[PDB]
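Novice: Quick check, what structure comes out for this input:
(chains A and B, ligands or ions: 4)
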Amino acid sequence: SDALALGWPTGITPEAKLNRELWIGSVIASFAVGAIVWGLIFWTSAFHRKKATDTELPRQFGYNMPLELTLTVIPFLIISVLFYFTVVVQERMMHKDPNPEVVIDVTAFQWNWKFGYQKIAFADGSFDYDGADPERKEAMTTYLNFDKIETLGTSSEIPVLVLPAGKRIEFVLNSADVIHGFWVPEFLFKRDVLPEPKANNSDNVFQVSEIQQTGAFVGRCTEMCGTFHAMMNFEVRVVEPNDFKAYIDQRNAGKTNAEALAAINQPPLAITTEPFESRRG
Amino acid sequence: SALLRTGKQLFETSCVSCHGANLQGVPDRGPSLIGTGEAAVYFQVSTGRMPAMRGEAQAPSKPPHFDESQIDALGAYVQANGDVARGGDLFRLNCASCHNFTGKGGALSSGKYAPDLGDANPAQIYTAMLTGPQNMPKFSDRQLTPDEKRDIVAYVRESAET
Ligand code: HEC
Ligand code: HEC
Ligand SMILES: [Cu+2]
Ligand SMILES: [Cu+2]
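Specialist: Numbering: from 1, shown residues only, chains lettered A, B, ... in the order given. Ligands and ions are numbered 1, 2, ... in the order given. You can find the structure just below:
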């Protein structure tokens, strides 16, 4: 249940909840076989050299050709019942859909996670923002995705990303300088952001099917960036779908997350993480 | 304030040759101002056909095209209209793409250092960032708030002085 899964958080997407169902396939495979091998090494501690079989060397047997064939196929069929479930689950992931229902650029620059919003089309067909200006992009003579509802997140603001909690979400994963990493640990999933993903034969993007919980969760950076790699914390918020429509309408007129999250009566700063004292000074 | 009579006569003496509100050297860049302001029009464009006339540091010299009262007056005449932590993060997010390691995206030899910026000061940097030079697009209003512009200007200034 909770102890057999060695510390995984309960997934909030239905694709992450499939990992935690597969992670307790440690029981069927690892801790089962890992107790058989302990059950033979600690079984040969009742086989000491006692003072009766002292002038008699043992049977001196070296080749048992039925045993290296039975105990080869049995480790082979366990990794043949794997490479089935770990192909089905990664095919449940890596999945795309031409109605993504919100598209969020993440644009991991050097050390503080500049987010941003692109086109969004709910299943009701009611919101339909669709904002990503190409005229700002033509000021750079690139691969980055610029837009107008971006969340900057300076060194003391600790960027809070807001996304609804019943809809499909797409994360276009870009980076300005170095390969960083994008890891909300509650999304039991992680993809490294690259400088130029379409030039590196990368896939650049992933999608979650929905979110099944409300609240607000931590996000960290994983692949190493440099000095302040431990300071790149972002913090998603899974607001209601009705509070998300009131988030952008306060934000489209132009405010900040200290003011846009206040109009939907939610704590404006990050509540599961906070800026570091070792970096601000 | 800046004397607009001095500003008109300075425009006629030194800028009418390439600019009649137009530009004869790069046609579209004459009535085209991005994030136009008195501070930006005052700041010497670091790239393009003509470099800023001001002598290095704003010191008196024998080849200055102008003195300070003349600059302010002309910048005003053209302008008729009729936290270092934040600074470092803003630099990395918006300017590192072309100015990584204090360098220049257009030319490797060209740099953001004071020798490259001559008579640089915080105000001159802030102004080019606001509306910007020919090489980099304007940042004020469009991309960065005043605190962010102020912080990034300070960070660039401290990095170049040290
Ligand atoms: C996509 C292009 C581009 C971006 C983005 C850009 N710049 Fe520039 N910058 C230039 C070019 C080109 C020059 C050379 C001056 C010219 O264009 O004549 C320049 C020159 C400068 C200079 C003067 C250096 C000198 O010696 O003359 C400063 C100061 C400067 N930039 C600051 C910034 C700051 C601060 C940012 C972001 C926070 C930034 N730039 C982003 C293209 C860019
Ligand atoms: C009183 C103000 C003023 C006078 C006089 C002036 N300029 Fe400029 N110049 C500017 C400003 C401000 C810019 C920055 C571009 C902008 O306005 O967007 C600039 C930019 C330039 C650039 C492009 C540099 C770059 O990197 O983008 C060239 C070339 C130039 N000027 C040439 C000249 C020449 C040649 C003269 C006179 C023979 C001249 N200028 C007189 C204000 C002036
Ligand atoms: Cu990172
Ligand atoms: Cu990192």
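Novice: Quick one: name the residues of chain B near chain A.
Specialist: Residues of chain B found near chain A, taking C-beta under 8 Å from any C-beta of the partner chain as the criterion, are B:83, B:85-86, B:88-90, B:92-93, B:96-97, B:100, B:137, B:142-143, B:148, B:151. All C-beta spots, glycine's among them, are computed from the backbone N, C-alpha and C.
Novice: ok, 6 Å please
Specialist: B:85, B:86, B:89, B:92, B:93, B:96, B:137 (C-beta under 6 Å from any C-beta of the partner chain).
Novice: how about the strands of the chain, start to end?
Specialist: Using chain A. All strands of chain A, identified by DSSP state E, fall at A:103-105, A:116-117, A:160-164, A:169-172, A:180-182, A:191-193, A:205-208, A:215-219, A:234-239.
Novice: State the helix or strand in which residue B:87 lies.
Specialist: Residue B:87 is part of helix B:84-94 when elements are defined by DSSP states H and E.
Novice: Could you do residue B:40 as well?
Specialist: Assigned by DSSP H and E, residue B:40 belongs to helix B:38-42.
Novice: how about that helix: buried residues?
Specialist: For helix B:38-42, a neighbour-count test (16 or more other C-beta atoms under 10 Å in any protein chain shown) marks B:39, B:40, B:41, B:42 as buried.
Novice: and the helix or strand following it, what does it pack onto?
Specialist: Going down the chain from helix B:38-42, the next helix or strand is helix B:68-78, by DSSP H and E. Counting by 3 or more C-beta pairs under 6 Å, 6 or more residues apart in numbering or on different chains; DSSP states H and E, the packing neighbours recorded for helix B:68-78 are helix B:4-14, helix B:38-42.
Novice: so which of those helices gets nearest residue A:264?
Specialist: With C-beta to C-beta, the closest approach to residue A:264 among those belongs to helix B:38-42: 37.4 Å.
Novice: what's the offset of that closest one from the middle of its chain?
Specialist: Per C-alpha atoms, centre = their mean, to the nearest Å, the displacement of helix B:38-42 from the mean C-alpha position of its chain is 7 Å.
Novice: Is ligand 1 within reach of it?
Specialist: No: against ligand 1, helix B:38-42 shows no contacts by C-beta under 6 Å from any ligand atom, the least distance being 11.9 Å.
Novice: Just name the closest of the buried residues of helix B:38-42 to ligand 2, please.
Specialist: residue B:41 (4.3 Å; C-beta to the nearest ligand atom).
Novice: Quick check: closest non-adjacent residue to that closest one.
Specialist: Ranked by C-beta to C-beta, 6 or more residues apart in numbering or on different chains and with sequence neighbours excluded, the top spatial neighbour of residue B:41 is residue B:75, at 4.4 Å.
Novice: what's the neighbour count on that neighbour?
Specialist: Residues near residue B:75, counting by other C-beta atoms under 10 Å in any protein chain shown, number 20.
Novice: Wait, residue B:48 touches residue B:135, no?
Specialist: No: Residue B:48 sits out of contact with residue B:135 when judged by C-beta atoms under 6 Å, with a separation of 8.4 Å.
Novice: Chain A against chain B: which residues are in contact?
Specialist: Going by C-beta under 6 Å from any C-beta, the residues of chain A near chain B are A:109, A:110, A:112, A:114, A:139, A:154, A:155, A:177, A:280.
Novice: Any chance of the residues you listed in TSV with neighbour count as columns?
Specialist: Putting the residues of chain A next to chain B into TSV (neighbours: other C-beta atoms under 10 Å in any protein chain shown) gives the following:
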residue	neighbour count
A:109	27
A:110	21
A:112	29
A:114	25
A:139	16
A:154	22
A:155	23
A:177	17
A:280	12
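Novice: Which positions in stretch A:199-216 come out as buried?
Specialist: For stretch A:199-216, a neighbour-count test (16+ other C-beta under 10 Å) marks A:204, A:205, A:206, A:207, A:208, A:209, A:211, A:216 as buried.
Novice: between the residues you listed, which is nearest residue B:52?
Specialist: Within the buried residues of stretch A:199-216, the smallest distance to residue B:52 is 42.0 Å, found for residue A:204 (C-beta to C-beta).
Novice: List the contacts of that closest one.
Specialist: Contacts for residue A:204 were tallied using C-beta atoms under 6 Å, 6 or more residues apart in numbering or on different chains; they are A:173, A:197.
Novice: how far away is the nearest residue to residue B:58 once chain neighbours are set aside from ligand 1?
Specialist: In space, not counting the residues next to it along the chain, residue B:58 is nearest to residue B:119; the distance is 5.0 Å by C-beta to C-beta, 6+ apart. As judged by C-beta to the nearest ligand atom, to the nearest Å, residue B:119 and ligand 1 stand 11 Å apart.
Novice: Ok, residue B:23 next?
Specialist: Applying C-beta to the nearest ligand atom, one obtains 14 Å for the distance of residue B:23 from ligand 1.
Novice: just to revisit the earlier point, now distance to residue A:181 too, for the helices and strands packed on helix B:68-78, in a markdown table please.
Specialist: Below are the helices and strands packed on helix B:68-78 laid out as a markdown table (distance: least, C-beta to C-beta, whole Å):
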| stretch | distance to residue A:181 |
| --- | --- |
| helix B:4-14 | 54 |
| helix B:38-42 | 39 |
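Novice: ok, residue B:97 - how many residues close by?
Specialist: Residue B:97 - counted by other C-beta under 10 Å - has 16 other residues nearby.
Novice: just to revisit the earlier point, let me know the closest of the residues of chain A next to chain B to residue B:6.
Specialist: Of all those, the one sitting nearest residue B:6 is residue A:139; the distance, using C-beta to C-beta, is 34.6 Å.
Novice: close to ligand 2, is the helix holding residue B:40?
Specialist: Yes: in terms of C-beta under 6 Å from any ligand atom, part of helix B:38-42 sits within range of ligand 2, namely residue B:41.
Novice: Can you list the helices and strands that the biggest helix by length in chain B packs against?
Specialist: The residue-count maximum for a helix in chain B (DSSP state H) belongs to helix B:146-161. Counting contacts by 3+ C-beta pairs under 6 Å, 6+ apart, the secondary-structure elements packed against helix B:146-161 are helix B:84-94, helix B:122-130.
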